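What follows is one chain in structure tokens, specifically the form deposited in one PDB entry.
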């Protein structure tokens, strides 16, 4: 039996461990995993005609938003994460950057950075959310302006302390290639930093640690990690090109079994593994703390 599991890119390393654990208990099963940004992952089912047994996203709310009621009808929340700014030892100004000067380093004309496509990937909208929340935290209304809006056609508008970014369609996104690179999913940015095409990238802390990158921790007030800062996070919103609206929220992953799953019984057992104490420990060892 082939169990089809489509998941957020940031779940790639945990999914290797889940596959191994599951196949140990179920010798007649091959877990077939595919990584993509969580919205692109869900569109495999909602637009590209695929059948999946398990969908796992980096933002639990996308399952309800994009799949209910025709393709799914429940979601289980699991795991947390945190946005950081990652780099290599050889990245320009690596020896200088810290939590106080990070946005000044990124503004330098000889520094290149990346983030993923918000239309496809929660890490991408969360990265833009964090940079805009920085304007509030540092009381500096030029950070998003100078890093992103002047280097793209991505812009937040402001009203009484709340901010909204309306995404262009993915084909209409424009980026200044001398400063920024984007990819559909955050995991693709790893290759660009490893090749030297980027100095820095916005990424989850878990992935930075898994892949051995250095990173700067961003303030808890902007990095979407903590339930205790939900009221600050909620001051930013991104309207994705498909019209779905995502608000800044503490990062919480989600899992479901689609209505068209072919292997429902085994899918139930796989979901049980992910959310079990064993699954929580797999995730914790790989850098994602439990709810």
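Residue numbers count along the first chain shown, from 1.
FYI, the form solved in complex with a partner chain isn't displayed, but the following is about it.
Highlighted residues 24, 126 and 249: none comes within 4.5 Å of its partner chain in the entry with it bound, counting any heavy atom.
Though the partner is left out of this view, residue 159 does not reach within 4.5 Å of its partner chain in the entry with it bound, counting heavy atoms only. Although the partner is absent here, residue 135 lies well away from its partner chain in the entry with it bound, with no heavy atom inside 4.5 Å. Using a 4.5 angstroms threshold between heavy atoms, residue 187 counts as touching its partner chain in the entry with it bound.
Its partner chain in the entry with it bound is not approached by residue 216, whose heavy atoms all lie more than 4.5 angstroms from it. Heavy atoms within 4.5 Å of its partner chain in the entry with it bound belong, among the stretches 69-77, 149-157, 96-104, 187-195, to residues of 187-195. Proximity to its partner chain in the entry with it bound, defined as a heavy atom within 4.5 Å, holds among 266, 232, 261, 35 only for 35.
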